[PDB]
Every structure is written in C-alpha cells, then in structure tokens.
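**Q** Below is one structure. I have some questions about it.
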Amino acid sequence: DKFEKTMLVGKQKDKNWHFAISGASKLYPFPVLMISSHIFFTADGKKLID
Amino acid sequence: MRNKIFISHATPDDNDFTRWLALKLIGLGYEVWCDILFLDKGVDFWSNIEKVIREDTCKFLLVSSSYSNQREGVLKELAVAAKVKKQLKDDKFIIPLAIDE
Amino acid sequence: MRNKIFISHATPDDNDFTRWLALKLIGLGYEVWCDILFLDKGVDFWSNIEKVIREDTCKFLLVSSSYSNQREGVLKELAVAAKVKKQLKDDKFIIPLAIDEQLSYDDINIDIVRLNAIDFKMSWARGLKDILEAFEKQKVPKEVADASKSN
Amino acid sequence: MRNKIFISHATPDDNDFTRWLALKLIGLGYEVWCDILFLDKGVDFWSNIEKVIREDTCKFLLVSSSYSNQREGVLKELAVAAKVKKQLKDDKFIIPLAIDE
Amino acid sequence: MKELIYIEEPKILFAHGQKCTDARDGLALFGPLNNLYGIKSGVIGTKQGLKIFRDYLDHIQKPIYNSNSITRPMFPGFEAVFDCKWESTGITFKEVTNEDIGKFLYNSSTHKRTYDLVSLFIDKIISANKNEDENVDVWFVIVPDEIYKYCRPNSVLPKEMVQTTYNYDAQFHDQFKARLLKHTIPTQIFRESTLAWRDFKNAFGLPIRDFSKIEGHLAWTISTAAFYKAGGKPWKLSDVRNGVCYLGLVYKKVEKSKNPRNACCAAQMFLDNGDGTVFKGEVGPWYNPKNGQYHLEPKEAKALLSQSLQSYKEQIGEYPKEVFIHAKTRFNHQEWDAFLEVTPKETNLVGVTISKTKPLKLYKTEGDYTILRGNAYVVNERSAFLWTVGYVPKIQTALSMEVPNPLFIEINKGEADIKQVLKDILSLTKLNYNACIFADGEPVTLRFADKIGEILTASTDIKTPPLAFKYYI
Amino acid sequence: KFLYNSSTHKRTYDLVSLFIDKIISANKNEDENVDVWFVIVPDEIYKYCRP
Amino acid sequence: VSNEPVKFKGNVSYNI
DNA sequence: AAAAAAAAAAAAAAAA
Ligand SMILES: NC(=O)c1ccc[n+](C2OC(COP(=O)([O-])OP(=O)(O)OC[C@H]3O[C@H](n4cnc5c(N)ncnc54)[C@H](O)[C@@H]3O)C(O)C2O)c1
C-alpha cells in the first residue's frame, strides 16, 4: 500500500485512511491542471464511511 | 533630634486607616514614619525600624484592633517602644488607638 | 562612576520576567546589565560579572523565585554583591524582587531574609512602580526616558 | 530528626564563652553546632549554616553581648532562626544567653 | 520556474510612536496609544457564573505563561500591559436566576427560545443602563453552556427535557448584539467554558476546551477585546498613505424577508488629520433584491459611495485621492457606472477582488514547514496571489496547520499598482482588534464588514445603526 | 446661523438640534468612550434662547 | 500533462 | 438539465 517509498493508504484505529486528489483544468494563468488533496477513511479498505 | 511619629500597625490588614492617618498628620505638618509609606525597599527592615523607634521617634502611635493584639510584629515594636519610653522618661510616649469596635 | 543596575536571576527559568523588567527599565532611561541582555557568551563572562558588580553596579536587583532562591550562580552574584555593599557603606544596595507565590517570605535565602523585597507576586506593574519610587528616592542615576533604546 | 543545638555568636570577640559553653554541652551529651567548632572553612559554610538552622537545629542559642548585638551575620542567623521558629510552631526555640553586663 | 516577490512585513504603531511587527510584543513592552484610566465593568449572568468571572479576572490580574514563550508571548498582567485598571472590585452585577433561564430554555421552538433567552438578558442590561447610577464601560455577558448548546440554528433540544420571535435570527450572539444597537451598549459575550474551563470535564477526564498550553494567549485575546470595547486604541498602522479610503464590501443573506434580499454592509478605513487612523463602519445597509445577484443597483451603489465620500469630507475636509474598494466578489459594469457618476475627477476609484477559492498550494520541497508569509506570485499587472496565511519567523511557526492557501487578489477595474495593492492588504491584515494575534489571514475590511453584516441581518427592525465597531465585535 | 432668528421656538429647536446631533453622532459613530458630555454654550445664546 | 508540478522561485528563505 | 465559473450559510476540529 505504498508507491515509491511513501505510503498512500494507511491505518488509523479501525479506519483505513487513504490519500486522494481531485482534478480541475484551468486555462487562465497558463493551461494548467490543478490538483487538490483529500483524506478519506474506510472500515474495510473497500467501502467508504457513509 | 526626635521628631517622628511611629504609627505601628498590622501591615496587611490596617493599611487603610494607617494610610489615612499618616496622610492627615503629614498634611498638618507632623513628620510621620510608617512601613507602608516610609520604609525603604531593599533595606534591613527590622534594623531600620529599631533605629527609628530608638533614635528619631518623638512619639509612638499604636493602631490597636483585633488584628494588632496578638500580632507578633507589632508586639516587637511595642516592646521596643516600652524600652525607649523607660529610657526617655515619658509616660505619655505610647498612645494606643482603638479603631475596632 | 557607578550608574548600572544589575539583575541577577535564573537564566533558563526566570527569563520572561527579567526580559520584561529590563526592557521596561531601559525604556525608562535606566542603564541595565543582565546576562540575557548581551548576545554571545565566552569564558570572559564570569570574570566580567564580578568586575561589573564591583566597579559599575549602583543598585543590585535579585529576582527572587523558587528557582533563583538557591542557585549557585545567583548565590555567587549575591555574595559578591554583599561584599560590594559592605565596601560601599550603602545599606540599600541589594533590592530583592519577589515574583513567586510559592516562595513565601519565610523560606528566602539567608542573605535576603533581612531585606525589604518589592512584591511582584500580585501585579508586575505595582512592583515596577515600587522599583521606580525606590529609585528616585535613592537618587539612582538615570537618563531621560527613551523607549527607542529599549526598542 | 532535629537533634542539634545551634549556637550563634560573634566570631572574633565571644570565642571564650562560646568555647566554654560548647565544650561543656558536648560533654554533657548535647549535639552542638558552632562555627568555632569545625576546623577549616570553605565557601560552602554560608549555605551550610542555613540548611543546618532550617533542617537540623532543635534549639537556637544566641550569645547576647555588646559585640553580637548588631553583628550582621548574627542578625541574619537570628532572622533565619525566627522564621524557623514560626514554621515549627514552637515558641521556646530561640533561647538568648546574655553574657555582658 | 516563476519568480515570487516577497512583501516587507508592515509595522504597526504603538505608544510613544514606536514601531513593532508583533502586536502582542508591542503592547507588552510599549503599551497602548491612549491612556484609559480604568475599565469600570458590568457583568450579567448567573451567580454561579459571577464567581467564575471574578476568578478569571483576578487570574488575569497576575501574569500568565504559555507553554512555549517563543511561539506565544506571555501575558505580563492586564494593568502592566495596558496601563489600565480592570479589577474584580467594582463590577456591577445583574443576577440572572437559573430558574428563569430554564423557563425559556426548555421550549420546543428554537426561534422563540433564542428570542426569550436574549430578551431576558437585554431587558436587565437596558434596565441597568437606564435606571442605575453606576456607569459601565462594557457589559460582560457570562452565558452558561447549555444555552450555547441549544440556542443556535440546527440545534435539536432532546425530547426528554422539552417542557413546552420568528422575525429574529436564532443566533444568540448575532441577534443579541443586534437588539442593543438602539442603545449603543458595548458588550462582550463569554461562554462559561471559555472562562475557567478547568471546571468543565468530559468522560475521559481531560477538559473539553483545553487551554493549558495556551492560557496566556487566551488572556491576551480576551484582554485586547475588553480594552477595545472600553474605548482604547491598542495599536495603529504606520504605513498607510495620506488620502486613501478603503471600504470593505460584503453581501449577507437575510432569511426573514421572502427572497434572501442579499443585504450589503461596508466597513471603512482612512487616515485622519494628524496621524490617527479612522477605522469605523460605513453602514447604510443597501438591500438588493433577487436571490443571488450580489451586484448592487445604481441607486444603492451611488448612495453607498456618497456616504463613503461624505464620511471622509466631514473628517478631513476634502475628498480622498485614492479609494480602494475591496470585495470578496467581482463587480459588474453597472456598479462602476454608478460609482463613477458620483465619483469626482480628482478621486481615483479602484475595485479590488479578493478570493480564497482558487486552490494553489506552494509546497516546499524539503522540511516540514510551510511557505513564508508574504510571498506573492504576480500573474500579471492586474492579478496576483498573496500568501497572507503562512510561516513567519517571529512566531517561530506558521499561522496555518496544514499547507495554507493564498489570497487571490485582482484589480477588476481601475488601474492600481498591483505591488502597492499587495502592500496595503498585508497592512490591512494586522488591524484585527477582536483578536490579539500576529496577523489575520484576510484583510480586516472584509472581515469586520462580514461581522457587522452578520449582526445587522439578525434583526429586521434596525434603523440608523452605530458605525463604531465596539458595538459589533 | 440659528441664533439670529426672530422666531424663538424655531431658534431654540434648531440650536438644540445643532448640539444633540453632534453628541449622538459622537456616541454612536466613534470608538472613544466618554462618561459625561460637557456642553459649553455662549452668552448671547442665554440672552436670546429662552422665553 | 506534465508529471512534475510547476516549480516557482522565492528569493526569501528562513531556517528552523 | 447538463456544464464551467462565481456566490454565501453552516458545523467541526485545532491550535492560535
Ligand atoms: N516591609 C514590610 O512591610 C514589613 C516588614 C517587616 C515587618 N513589618 C511590620 O509588621 C508589623 C506587624 O504586622 P506583622 O506581624 O504581620 O509583620 P509581617 O512581617 O508579617 O508583615 C506582613 C507583610 O510584610 C511582609 N513583608 C514585606 N516585605 C517583607 C520582606 N522583605 N521579608 C519578610 N516579610 C516581608 C509580608 O509581605 C506581608 O505582606 C508592623 O507593624 C510592621 O512595620 C512590615
């Protein structure tokens, strides 16, 4: 559960945390594709917490 | 020569009356000595108090209240005042003040 | 000529109060010497401490706290200060500054017990104004007030 | 426990009486602490005196004489003894001994 | 690779004309601008909540220490910092019985419950203001915590204790401070927990609002608000140019009238004759119909700008030479068409738009510390990014917790020197009188305007409200 | 401007407004806090602002 | 789309 | 009824 040398999917108590992004393309400053950072948690690693 | 009026009192409790009396006497032209107004900071306080009572105290004013009866600090000054009363041959040296009903 | 005020204290424990007091006194026009005031340290510091205490200090302020009560550096500074007091024939030389509420006046160091201490326990500003009144009463050397020096 | 007797005095003037009293008391079986007793001195004795007074002394004997009356070290020791007396809640702690006529 | 230019940190002014970057340290060493003889404080609340206030006031009389003095300067005591008397002796106490509180509290209607709880306090405050000899500079409202639990929208009172108006907003703070506008009474609401929190405990045993490491900063930020509400000037700007009015315009919804009606509110700052800064609201709230237009009609815009220009003439004598209208939203052309009509020839009108929406986040390649506060990536002559929230060495840390986001600043119309625009907004970020922090993440115009807008939209019956911020914050 | 008016009632009303509006603006629209407002009035007013 | 994020340049630094 | 590009209202957590 780690690409390169750094973890992207981890454990926190009974909740498995995941590093996530969101995508958005913008053309005002330059033609660029902005990326955001989010963290989401799952109880079994497959189903998100509702 | 002695021209001071030692207003001995209980330091923490009788501050208000002692300060009022000291200010009133100073306004009238009487030189007054008391710890809360005239005691120097960073000085030997018992040595200075004893020197004041023994040498420059013209008359001794005791502020007697419920606090000042069994207060050891005021009693020590009162004892020194009695000794200097004996030395000066003046029965009217010590004038107690009753402020507590 | 002696025109400096020495503030002895516990360097890593009583630093906030000493900083405030020194920056206020220098802001008010009083020359202040303190270890935390000077930046950098070298082996000459220990000898310089006794030299300045014996040659330049006019009033010695000892920050009294449960830390600085029985600290070896504070003890040595207090001892040399007492010797300078005897040499200068000035009773009002060591001026304690009691800043600790857990340090009752009945547990103070032997050199300080018999001395009238400015009370900083309740209000720092009341202690500061008492320090002032002591200074102009004892005619401590003073320069015109300038907060820019402290800045 | 507190089982030592402290004897304050003027070091360069009252050595004879202090020596006689200390050597008598020790022979009588009373633990005695005095500055003329220990042979050699160091910088540590200033803190040693305070810690002995505050932690080991059971009685504080003050040699009262025209020399020891207003001696700075004697006065400091007496003030620490007074504070210890207040803390210990024991009135019969300081026992002055007047040796001068 | 694109260049980032860093703006020199603006300095705020303190007593004796001395400058200092940090407000906490500036007050700690130099004190406030004007001498306020004493704060004669009045306290209203439960008699149990009076003991807590007395204890906290006596506590802040003494100096208070934070955990790390480098990150958070310690509090040297109220009267030492401010040269002002604020004791617990001399507080006018208006008792609020617990039974009367529970009488209003246990009601199903949240709107009516909030209205009655606010009325109980305001009636006693007004009675003390009108029918008492004692003069109170500021009224400290000590509210219990069950109130705060069940006195705001979306708070469900549990069925078990429900034992038993719609024209006023259900926010206790907002609607409370809205009903005192007619009387101009400075008030400071404290939670009972925000006070001596060590009493209130959770199940585990650690206090819910733990300020153990940050008690000194709590004292700093409460004391500064109390000093400002009593009529003191804690600090002042020093880099403001002559003849620049700023104005901060924010739109707030009104849920009471049908259609949110998008109430607008404005907060103004300029320089005054001499060196004093005038930071007062410019409040003529100009309602705008339509659900989400957020663009004012020409009549309302002209009235707003004319009030702004007259509020500068009557204090300086002549028109501002450069007006820099900030706003969270970009304007439409009709609004400048309105503005320019009343705008004279000599005055230069510039509209500035500031936004937190754009998700740019500059991550430093090495180290667990964020970008320095002040970095500005200037896209072009009109648009720029400004990192108002970030690392600054004096506080030894960053003002954010994660990697912060900058402020998107752009010049809609007008000309403006973009570097000058970034050099003034950073100055605007330091004059937050409601909090004693190093600096604010957004300019004070857009934040105090938002606050007064949140206060003015809680009551429908406001008319000619005060412009002073001590009645609002 | 208000004092040199023959109508005593309009004179006194306008003159009272000239002071109360400034005092109210100071109370409502200013940061400073004042305990008591002292109103110094000239002598020609007292000569010609009463019944 | 480039796989390395746009790099910027600041003339001002600091140390922990 | 979708979209992008621009809006505020509200509640929770954590240092400040
Ligand atoms: N500097 C002083 O204020 C001081 C010192 C000693 C005695 N006294 C006196 O005490 C009287 C009777 O009251 P008391 O028996 O409660 O005496 P006391 O010694 O208990 O006086 C109490 C007050 O002075 C004390 N005090 C002030 N400075 C002190 C210091 N440097 N060292 C030790 N204590 C200090 C306490 O702070 C306390 O606030 C007097 O009439 C009197 O002049 C005053």
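Simple scheme: letters A, B, ... for chains in structure tokens order, numbers from 1 for residues in each chain, numbers from 1 for ligands in the order shown.
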Which neighbours of residue F:46 fall inside 12 Å, counting only C-alpha atoms (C1' of nucleotides), when residues of the same chain fewer than 6 positions from it are skipped, and could you give them as a list in words?
**A**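 These residues fall inside the cut-off: residues 3, 8, 12, 15 and 40 of chain F.
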**Q** Can those selected residues be exported to a file as a PDB file, in the first residue's frame so that it contains C-alpha atoms?
**A**
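Listing of selection_12.pdb after writing:
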```pdb
ATOM      1  CA  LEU F   3     -29.348  82.366  16.764  1.00  0.00           C
ATOM      2  CA  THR F   8     -37.703  81.951  19.437  1.00  0.00           C
ATOM      3  CA  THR F  12     -34.196  77.088  20.217  1.00  0.00           C
ATOM      4  CA  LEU F  15     -29.938  75.267  18.225  1.00  0.00           C
ATOM      5  CA  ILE F  40     -20.215  74.890  26.764  1.00  0.00           C
TER       6      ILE F  40
END
```
**Q** Apply DSSP to the backbone of this structure and, from chain D, keep only the residues in helix (DSSP H, G or I); write these as a ChimeraX atom specification.
**A** /D:15-28,45-55,68-70,72-88
**Q** Mind dumping the selected residues with C-alpha atoms as a compact mmCIF listing (two decimals), in the first residue's frame?
**A**
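The new file selection25.txt reads:
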```
# COMPACT_ATOMS: atom_id res chain seq x y z
CA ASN D 15 35.22 32.91 71.43
CA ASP D 16 35.93 32.27 75.12
CA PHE D 17 32.37 31.93 76.40
CA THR D 18 31.21 30.13 73.25
CA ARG D 19 34.11 27.69 73.53
CA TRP D 20 33.42 27.00 77.20
CA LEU D 21 29.68 26.56 76.67
CA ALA D 22 30.08 24.34 73.61
CA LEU D 23 32.73 22.14 75.22
CA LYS D 24 30.52 21.79 78.31
CA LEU D 25 27.35 21.00 76.36
CA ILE D 26 29.05 18.40 74.16
CA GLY D 27 30.47 16.70 77.24
CA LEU D 28 27.00 16.74 78.78
CA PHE D 45 29.62 27.26 55.05
CA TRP D 46 27.20 30.06 54.14
CA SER D 47 24.69 27.53 52.79
CA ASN D 48 25.68 25.00 55.46
CA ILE D 49 24.60 27.38 58.23
CA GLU D 50 21.20 28.00 56.65
CA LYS D 51 20.49 24.33 55.97
CA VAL D 52 21.52 23.32 59.50
CA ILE D 53 19.33 26.03 61.03
CA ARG D 54 16.32 25.14 58.87
CA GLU D 55 16.59 21.33 58.94
CA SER D 68 26.94 40.17 68.98
CA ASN D 69 24.05 42.63 69.43
CA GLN D 70 24.32 44.27 65.98
CA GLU D 72 25.37 41.32 60.50
CA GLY D 73 25.99 37.57 60.38
CA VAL D 74 24.47 37.18 63.84
CA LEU D 75 21.41 39.18 62.79
CA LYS D 76 20.99 37.08 59.63
CA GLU D 77 21.22 33.86 61.64
CA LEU D 78 18.73 35.27 64.14
CA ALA D 79 16.26 36.15 61.38
CA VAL D 80 16.50 32.67 59.89
CA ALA D 81 16.01 31.28 63.40
CA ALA D 82 12.89 33.42 63.79
CA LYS D 83 11.49 32.12 60.50
CA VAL D 84 12.22 28.54 61.59
CA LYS D 85 10.51 29.26 64.91
CA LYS D 86 7.42 30.49 63.08
CA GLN D 87 7.42 27.44 60.79
CA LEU D 88 7.92 24.88 63.57
```
**Q** Residues within 10 Å of ligand 1 should be enumerated using only C-alpha atoms (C1' of nucleotides) and all ligand atoms and returned as an mmCIF file with C-alpha atoms, in the first residue's frame.
**A**
```cif
data_model
loop_
_atom_site.group_PDB
_atom_site.id
_atom_site.type_symbol
_atom_site.label_atom_id
_atom_site.label_comp_id
_atom_site.auth_asym_id
_atom_site.auth_seq_id
_atom_site.Cartn_x
_atom_site.Cartn_y
_atom_site.Cartn_z
ATOM 1 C CA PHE B 6 5.842 55.858 64.523
ATOM 2 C CA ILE B 7 2.360 54.669 63.501
ATOM 3 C CA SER B 8 2.821 50.996 64.250
ATOM 4 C CA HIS B 9 0.045 48.760 62.958
ATOM 5 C CA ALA B 10 -0.815 45.417 61.432
ATOM 6 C CA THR B 11 0.741 45.686 57.980
ATOM 7 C CA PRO B 12 -1.672 43.722 55.737
ATOM 8 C CA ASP B 13 -4.993 44.468 57.472
ATOM 9 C CA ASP B 14 -4.897 48.016 58.859
ATOM 10 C CA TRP B 33 7.045 57.232 59.863
ATOM 11 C CA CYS B 34 5.243 54.051 58.839
ATOM 12 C CA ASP B 35 6.255 50.932 56.946
ATOM 13 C CA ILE B 36 3.742 51.141 54.097
ATOM 14 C CA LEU B 37 4.728 54.723 53.251
ATOM 15 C CA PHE B 38 8.208 55.387 54.628
ATOM 16 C CA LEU B 39 10.023 52.047 54.843
ATOM 17 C CA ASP B 40 12.696 51.799 52.157
ATOM 18 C CA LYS B 41 12.859 48.973 49.648
ATOM 19 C CA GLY B 42 15.901 46.731 49.876
ATOM 20 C CA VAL B 43 16.831 47.824 53.405
ATOM 21 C CA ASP B 44 17.183 45.906 56.656
ATOM 22 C CA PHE B 45 13.621 46.408 57.820
ATOM 23 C CA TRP B 46 13.884 45.354 61.470
ATOM 24 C CA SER B 47 17.172 47.224 61.870
ATOM 25 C CA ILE B 49 12.506 50.054 62.401
ATOM 26 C CA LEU B 62 -0.221 52.054 68.140
ATOM 27 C CA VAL B 63 -3.204 51.218 65.934
ATOM 28 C CA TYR B 67 -5.541 42.009 64.272
ATOM 29 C CA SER B 68 -2.988 44.102 66.156
ATOM 30 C CA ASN B 69 -3.439 42.455 69.568
ATOM 31 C CA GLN B 70 -1.639 39.129 69.049
ATOM 32 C CA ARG B 71 0.368 40.264 66.017
ATOM 33 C CA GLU B 72 3.995 39.419 66.794
ATOM 34 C CA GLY B 73 5.467 42.087 64.526
ATOM 35 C CA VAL B 74 3.538 44.897 66.190
ATOM 36 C CA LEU B 75 4.312 43.471 69.637
ATOM 37 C CA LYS B 76 8.054 43.622 68.989
ATOM 38 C CA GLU B 77 7.795 47.301 68.047
ATOM 39 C CA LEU B 78 5.622 47.840 71.129
ATOM 40 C CA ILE C 95 16.863 45.092 46.369
ATOM 41 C CA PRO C 96 15.055 41.729 46.199
ATOM 42 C CA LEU C 97 12.184 41.273 43.750
ATOM 43 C CA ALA C 98 9.842 38.532 44.968
ATOM 44 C CA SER C 104 6.856 32.634 50.993
ATOM 45 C CA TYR C 105 8.934 35.260 52.756
ATOM 46 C CA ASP C 106 9.778 32.711 55.476
ATOM 47 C CA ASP C 107 11.772 30.456 53.107
ATOM 48 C CA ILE C 108 14.023 33.038 51.439
ATOM 49 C CA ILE C 112 17.868 38.089 51.577
ATOM 50 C CA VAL C 113 15.676 37.339 54.632
ATOM 51 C CA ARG C 114 16.538 40.590 56.417
ATOM 52 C CA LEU C 115 15.833 42.760 53.356
ATOM 53 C CA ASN C 116 12.672 44.539 52.248
ATOM 54 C CA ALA C 117 11.558 42.947 48.978
ATOM 55 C CA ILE C 118 9.459 44.628 46.303
ATOM 56 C CA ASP C 119 6.379 42.446 45.865
ATOM 57 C CA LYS C 121 3.597 38.359 43.146
ATOM 58 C CA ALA D 79 16.261 36.152 61.382
ATOM 59 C CA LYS D 83 11.488 32.124 60.504
#
```
**Q** Can you pull out every residue within 10 Å of stretch 5-10 of chain H, counting only C-alpha atoms (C1' of nucleotides), but drop anything in the same chain fewer than 6 positions away, and send it as a PDB file with N, CA, C and O atoms, in the first residue's frame?
**A**
```
ATOM      1  N   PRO E 153     -29.208  27.875  15.455  1.00  0.00           N
ATOM      2  CA  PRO E 153     -29.886  27.050  14.445  1.00  0.00           C
ATOM      3  C   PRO E 153     -29.352  25.630  14.372  1.00  0.00           C
ATOM      4  O   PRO E 153     -28.200  25.374  14.734  1.00  0.00           O
ATOM      5  N   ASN E 154     -30.198  24.699  13.930  1.00  0.00           N
ATOM      6  CA  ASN E 154     -29.823  23.299  13.733  1.00  0.00           C
ATOM      7  C   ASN E 154     -29.400  22.625  15.034  1.00  0.00           C
ATOM      8  O   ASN E 154     -28.692  21.613  15.015  1.00  0.00           O
ATOM      9  N   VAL E 250     -19.236  43.489   1.690  1.00  0.00           N
ATOM     10  CA  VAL E 250     -19.593  42.081   1.816  1.00  0.00           C
ATOM     11  C   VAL E 250     -21.107  41.952   1.736  1.00  0.00           C
ATOM     12  O   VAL E 250     -21.839  42.807   2.246  1.00  0.00           O
ATOM     13  N   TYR E 251     -21.577  40.880   1.104  1.00  0.00           N
ATOM     14  CA  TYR E 251     -23.001  40.604   0.960  1.00  0.00           C
ATOM     15  C   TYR E 251     -23.395  39.484   1.912  1.00  0.00           C
ATOM     16  O   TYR E 251     -22.744  38.435   1.943  1.00  0.00           O
ATOM     17  N   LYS E 252     -24.457  39.706   2.679  1.00  0.00           N
ATOM     18  CA  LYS E 252     -25.024  38.689   3.549  1.00  0.00           C
ATOM     19  C   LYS E 252     -26.499  38.498   3.229  1.00  0.00           C
ATOM     20  O   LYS E 252     -27.203  39.448   2.876  1.00  0.00           O
ATOM     21  N   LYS E 253     -26.962  37.258   3.350  1.00  0.00           N
ATOM     22  CA  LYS E 253     -28.361  36.950   3.106  1.00  0.00           C
ATOM     23  C   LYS E 253     -29.215  37.308   4.316  1.00  0.00           C
ATOM     24  O   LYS E 253     -28.738  37.351   5.454  1.00  0.00           O
ATOM     25  N   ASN E 262     -30.257  39.634   0.022  1.00  0.00           N
ATOM     26  CA  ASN E 262     -28.823  39.885  -0.102  1.00  0.00           C
ATOM     27  C   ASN E 262     -28.374  41.220   0.481  1.00  0.00           C
ATOM     28  O   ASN E 262     -27.874  42.080  -0.252  1.00  0.00           O
ATOM     29  N   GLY E 292     -29.507  35.694  -5.792  1.00  0.00           N
ATOM     30  CA  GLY E 292     -28.064  35.660  -5.663  1.00  0.00           C
ATOM     31  C   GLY E 292     -27.334  36.612  -6.583  1.00  0.00           C
ATOM     32  O   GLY E 292     -26.242  36.298  -7.064  1.00  0.00           O
ATOM     33  N   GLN E 293     -27.933  37.773  -6.854  1.00  0.00           N
ATOM     34  CA  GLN E 293     -27.327  38.713  -7.790  1.00  0.00           C
ATOM     35  C   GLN E 293     -25.987  39.224  -7.277  1.00  0.00           C
ATOM     36  O   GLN E 293     -24.998  39.256  -8.019  1.00  0.00           O
ATOM     37  N   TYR E 294     -25.936  39.635  -6.012  1.00  0.00           N
ATOM     38  CA  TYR E 294     -24.735  40.159  -5.365  1.00  0.00           C
ATOM     39  C   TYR E 294     -24.127  41.341  -6.109  1.00  0.00           C
ATOM     40  O   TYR E 294     -22.937  41.629  -5.936  1.00  0.00           O
ATOM     41  N   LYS E 328     -15.152  40.597  -1.608  1.00  0.00           N
ATOM     42  CA  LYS E 328     -14.991  39.169  -1.843  1.00  0.00           C
ATOM     43  C   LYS E 328     -15.459  38.749  -3.228  1.00  0.00           C
ATOM     44  O   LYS E 328     -15.137  37.636  -3.659  1.00  0.00           O
ATOM     45  N   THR E 329     -16.206  39.600  -3.927  1.00  0.00           N
ATOM     46  CA  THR E 329     -16.829  39.262  -5.198  1.00  0.00           C
ATOM     47  C   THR E 329     -16.457  40.301  -6.244  1.00  0.00           C
ATOM     48  O   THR E 329     -16.309  41.485  -5.928  1.00  0.00           O
ATOM     49  N   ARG E 330     -16.313  39.857  -7.488  1.00  0.00           N
ATOM     50  CA  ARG E 330     -16.096  40.791  -8.582  1.00  0.00           C
ATOM     51  C   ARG E 330     -17.404  41.478  -8.960  1.00  0.00           C
ATOM     52  O   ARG E 330     -18.486  40.890  -8.892  1.00  0.00           O
ATOM     53  N   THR E 357     -10.954  31.007  -3.207  1.00  0.00           N
ATOM     54  CA  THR E 357     -11.476  29.838  -3.908  1.00  0.00           C
ATOM     55  C   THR E 357     -10.379  29.081  -4.646  1.00  0.00           C
ATOM     56  O   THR E 357     -10.334  27.846  -4.597  1.00  0.00           O
TER      57      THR E 357
END
```
**Q** List as a PyMOL selection string the protein and nucleic acid residues near stretch 5-16 of chain G, meaning an atom at most 6 Å away when only C-alpha atoms (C1' of nucleotides) are counted, but skip any in the same chain fewer than 4 places from it.
**A** chain E and resi 1-4
**Q** What is the distance, in Å and to one decimal place, between atom CA of residue C:66 and atom CA of residue C:41?
**A**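 A separation of 25.5 Å between them.
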**Q** Excluding same-chain residues fewer than 4 positions from residue F:1, what lies within 10 Å of it counting only C-alpha atoms (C1' of nucleotides), as a ChimeraX atom specification?
**A** /F:5,11,14-15
**Q** Up to 10 Å from chain C, what residues of chain E turn up? Count only C-alpha atoms and give them as number ranges by chain.
**A** E: 15-20, 26, 28-30, 58-63, 65, 69, 73-81, 83
**Q** With distances taken over only C-alpha atoms, which of C:61, C:22, C:34, C:140 is nearest to chain B?
**A**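 Of C:61, C:22, C:34, C:140, the one nearest chain B, counting only C-alpha atoms, is C:61.
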**Q** Go through A:49, A:44, A:25, A:37 one by one, measure the shortest atom-to-atom distance of each to chain H using only C-alpha atoms (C1' of nucleotides), and give the residue with the smallest value.
**A**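 Ranked by minimum distance to chain H, first place goes to A:25.
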**Q** Work out how far apart atom CA of residue E:450 and atom CA of residue E:34 are and give it in Å to one decimal.
**A** 27.7 Å
**Q** Residues of chain E within 10 Å of chain G, counting only C-alpha atoms - could you list those as a ChimeraX atom specification?
**A** /E:1-6,362-365,367-369,371-372,374-377,391-393,396-397
**Q** Could you tell me how far atom CA of residue E:47 lies from atom CA of residue E:96, in Å and to one decimal?
**A** 7.2 Å
**Q** Identify, on the basis of only C-alpha atoms (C1' of nucleotides), every residue whose closest approach to residue H:15 does not exceed 9 Å; exclude the query and any residue fewer than 5 positions from it along the same chain; express the result as a PyMOL selection string.
**A** chain E and resi 214+400-401
**Q** Output N, CA, C and O atoms of each residue in that selection to a file, as a short mmCIF file (atom, residue, chain, number, x, y, z; two decimals), in the first residue's frame.
**A**
```
data_model
loop_
_atom_site.label_atom_id
_atom_site.label_comp_id
_atom_site.auth_asym_id
_atom_site.auth_seq_id
_atom_site.Cartn_x
_atom_site.Cartn_y
_atom_site.Cartn_z
N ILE E 214 -2.04 27.24 26.26
CA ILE E 214 -2.30 28.48 25.54
C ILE E 214 -3.13 29.42 26.40
O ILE E 214 -3.87 30.28 25.90
N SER E 400 -1.00 28.65 9.90
CA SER E 400 -1.90 27.62 9.42
C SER E 400 -1.50 26.28 10.06
O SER E 400 -0.46 26.26 10.73
N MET E 401 -2.24 25.20 9.88
CA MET E 401 -1.85 23.91 10.44
C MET E 401 -1.32 23.02 9.33
O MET E 401 -0.20 22.50 9.41
#
```
**Q** Return the neighbours of chain E among the residues of chain F, cut-off 9 Å, counting only C-alpha atoms, as a compact mmCIF listing (two decimals) with N, CA and C atoms, in the first residue's frame.
**A**
```txt
# COMPACT_ATOMS: atom_id res chain seq x y z
N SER F 25 -23.96 61.60 17.23
CA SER F 25 -23.01 61.04 16.28
C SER F 25 -21.72 60.62 16.97
N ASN F 27 -21.54 59.63 20.13
CA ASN F 27 -21.86 58.44 20.92
C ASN F 27 -21.96 57.19 20.07
N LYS F 28 -22.57 57.29 18.89
CA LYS F 28 -22.86 56.13 18.06
C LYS F 28 -21.74 55.77 17.10
N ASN F 29 -21.04 56.76 16.56
CA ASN F 29 -20.17 56.58 15.41
C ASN F 29 -18.70 56.80 15.74
N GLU F 30 -18.30 56.60 16.99
CA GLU F 30 -16.93 56.87 17.39
C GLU F 30 -16.45 55.78 18.33
N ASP F 31 -15.14 55.51 18.27
CA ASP F 31 -14.56 54.44 19.08
C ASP F 31 -14.39 54.88 20.53
N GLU F 32 -14.14 56.17 20.77
CA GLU F 32 -13.85 56.65 22.11
C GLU F 32 -15.07 56.52 23.01
N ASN F 33 -14.81 56.33 24.30
CA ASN F 33 -15.85 56.23 25.31
C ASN F 33 -15.75 57.42 26.27
N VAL F 34 -16.84 58.16 26.40
CA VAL F 34 -16.89 59.36 27.24
C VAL F 34 -17.97 59.13 28.30
N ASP F 35 -17.64 59.40 29.56
CA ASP F 35 -18.57 59.22 30.66
C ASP F 35 -19.63 60.32 30.70
```
**Q** Taking into account only C-alpha atoms, which residue in the set C:149, C:76, C:59, C:142 is nearest to chain B?
**A**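 Of C:149, C:76, C:59, C:142, the one nearest chain B, counting only C-alpha atoms, is C:59.
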